[PDB]
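Shown next, in structure tokens, is the structure this report addresses.
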């Protein structure tokens, strides 16, 4: 529940990144960064500082899961929380996310009120 | 207050117009026989972005139209599909139609049904043609329906009960809500703090374990009777 948590809003789409941003806003979150892909993100992540990957499932060069497995077979990034943002609540996504090691999932578009609740539980389970 | 979408639309409409203009220019600059990888990636990303926005706001016709184009652009960018002038012209026509669909939504109007059917039909025809007539040799020639029709119908009686012990305030409702995403719960005993329900067996024990594990832990989970 850090209203400053560094959200790597990994998504290749700007307006969404913007309302996500504005809702984070009406809810009080204002610290949001944008990335456009997995190599970019992996490159970006090969850097560091990222705490929450609000990663859209899909991107070019390397997607959400390769991102996630490479993330996982690699010594250094093996345990980052990745909130897979998904357009819809689906099981295999939910499970593959689970077997390759993902942290949680959410469905857009949400009201300020909903985004509000999901964040709460991951925070909960990871101990945040 | 009240997340109204009839203004989160304006930002989308503007982004979409811009992405449609970019799509058009990239398409016009593409060299079919040797498409610049970076240019195709941009066309694909514009389409992916427009599709997600269309899904978020329930713009059915635009979403499906963009969906079909995106899959095609993915094939071409991965190098699985060859491009030519006809295909590029179809993409341009697709961009033209998507713009008309967007312009209808801007006016709180419904897009053109006939143009929608025509473009989707053409896009699906191309994908089909991009296939060389089904896969090589017969596939799924057996792996399909395996084990014949089970004896009773769905497990004789070994659903295994899942016992979720130790849940929180609103978690009863919520986990009820979450297990409700993976599987279906019956005999929902909503105790003050518990949730028991019988379990179907539709997911490897090893995997149910894995997802509940997004909200709860491996030992909170017992499989027995």
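Exactly one condition in (1) without any contact (Cβ under 8 Å) to a residue 40 or more places away in the chain; (2) closer than 30 Å to residue B:43 by Cβ is not met by residue A:75; state its number.
So residue A:75 meets the others, but not (2).
I'd like to check something: does the stretch B:118-138 contain any residue that is away from chain A (no Cβ under 14 Å), outside any helix (DSSP H, G or I) and in contact with a helix residue (DSSP H, G or I) (Cβ under 7 Å, 6 or more places away or on another chain)? First the steps, then the outcome.
Pass one, the stretch B:118-138, residues away from chain A (no Cβ under 14 Å): B:118-138.
Keeping just the survivors that are outside any helix (DSSP H, G or I) gives B:131-138.
Checking the rest, the ones that are also in contact with a helix residue (DSSP H, G or I) (Cβ under 7 Å, 6 or more places away or on another chain) come to none.
No, there is no match, as no residue in the stretch B:118-138 is away from chain A (no Cβ under 14 Å), outside any helix (DSSP H, G or I) and in contact with a helix residue (DSSP H, G or I) (Cβ under 7 Å, 6 or more places away or on another chain).
Could you please find all residues in the stretch B:80-98 being touching a residue at least 40 places away in the same chain (Cβ under 8 Å), within 15 Å of residue B:66 (Cα to Cα) and surrounded by fewer than 17 Cβ atoms within 10 Å (Cβ to Cβ)?
B:92
Give the stretch B:104-117 a look and list any residue that's touching a helix residue (DSSP H, G or I) at 6+ places or on another chain (Cβ under 9 Å), assigned to a helix (DSSP H, G or I) and surrounded by 10 or more Cβ atoms within 10 Å (Cβ to Cβ), or say none.
If the condition is that a residue be touching a helix residue (DSSP H, G or I) at 6+ places or on another chain (Cβ under 9 Å), assigned to a helix (DSSP H, G or I) and surrounded by 10 or more Cβ atoms within 10 Å (Cβ to Cβ), then B:104, B:105, B:106, B:115, B:116 are the ones that fit.
Between residues in the stretch A:23-41 that are free of Cβ contacts under 8 Å to residues at least 24 places away in the same chain and residues that are surrounded by fewer than 21 Cβ atoms within 10 Å (Cβ to Cβ), which pairs lie under 6 Å by C-beta distance while being six or more apart or on different chains?
Between residues of the stretch A:23-41 that are free of Cβ contacts under 8 Å to residues at least 24 places away in the same chain and residues that are surrounded by fewer than 21 Cβ atoms within 10 Å (Cβ to Cβ), the close pairs are A:39/A:61; A:39/A:62.
Only one of B:214, B:223, B:116 is within 31 Å of the chain's Cα centre (by Cα) and touching a residue at least 40 places away in the same chain (Cβ under 8 Å); which?
Working: B:214 fails: touching a residue at least 40 places away in the same chain (Cβ under 8 Å); B:223 fails: within 31 Å of the chain's Cα centre (by Cα).
It is B:116.
How about the stretch A:48-65: which of its residues are within 14 Å of chain B (Cβ to nearest Cβ) and either assigned to a helix (DSSP H, G or I) or out of contact with any strand residue (DSSP E or B) (no Cβ under 8 Å at 6 or more places or on another chain) (or both)? Before the answer, list the steps.
Our first condition is that a residue be within 14 Å of chain B (Cβ to nearest Cβ); within the stretch A:48-65, this holds for A:54-64.
Once the filter is applied, which keeps residues that are within 14 Å of chain B (Cβ to nearest Cβ) and either assigned to a helix (DSSP H, G or I) or out of contact with any strand residue (DSSP E or B) (no Cβ under 8 Å at 6 or more places or on another chain) (or both), the stretch A:48-65 yields A:58, A:60, A:61, A:62, A:63, A:64.
Condition test on residue B:49, is it part of a loop (DSSP other than H, G, I, E, B), out of contact with any strand residue (DSSP E or B) (no Cβ under 8 Å at 6 or more places or on another chain) and either exposed (fewer than 15 other Cβ atoms within 10 Å of the Cβ) or in the same structural domain as residue B:10 (by CATH) (or both)? Spell out the reasoning first.
Numbers: part of a loop (DSSP other than H, G, I, E, B): no; out of contact with any strand residue (DSSP E or B) (no Cβ under 8 Å at 6 or more places or on another chain): yes; either exposed (fewer than 15 other Cβ atoms within 10 Å of the Cβ) or in the same structural domain as residue B:10 (by CATH) (or both): yes.
No; evaluated as a whole, the condition is false for this residue.
Looking only at residues that are in contact (Cβ under 8 Å) with a residue 40 or more places away in the chain, more than 7 Å from chain A (Cβ to nearest Cβ) and touching a helix residue (DSSP H, G or I) at 6+ places or on another chain (Cβ under 8 Å) in the stretch B:31-58, which one is farthest from residue B:89 (Cα to Cα)?
B:57
Please find, within the stretch A:3-13, the residue that is nearest to residue A:118 (Cα to Cα) out of those that are within 14 Å of chain B (Cβ to nearest Cβ) and assigned to a loop (DSSP other than H, G, I, E, B).
Initial filter on the stretch A:3-13 (within 14 Å of chain B (Cβ to nearest Cβ)): A:9-13.
From what's left, assigned to a loop (DSSP other than H, G, I, E, B): A:11-13.
Numbers: A:11: 19, A:12: 22, A:13: 21 Å.
That would be A:11.
In the stretch A:14-47, which residues are over 14 Å from the mean Cα position of the chain (by Cα) and assigned to a loop (DSSP other than H, G, I, E, B)?
A:27, A:28, A:29, A:30
Ideal geometry is used to build each Cβ from the backbone, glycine not excepted, and the neighbour counts take in all protein chains shown. Numbers and lists here come from the model and the stated rules, or from a named source; these are not laboratory values.
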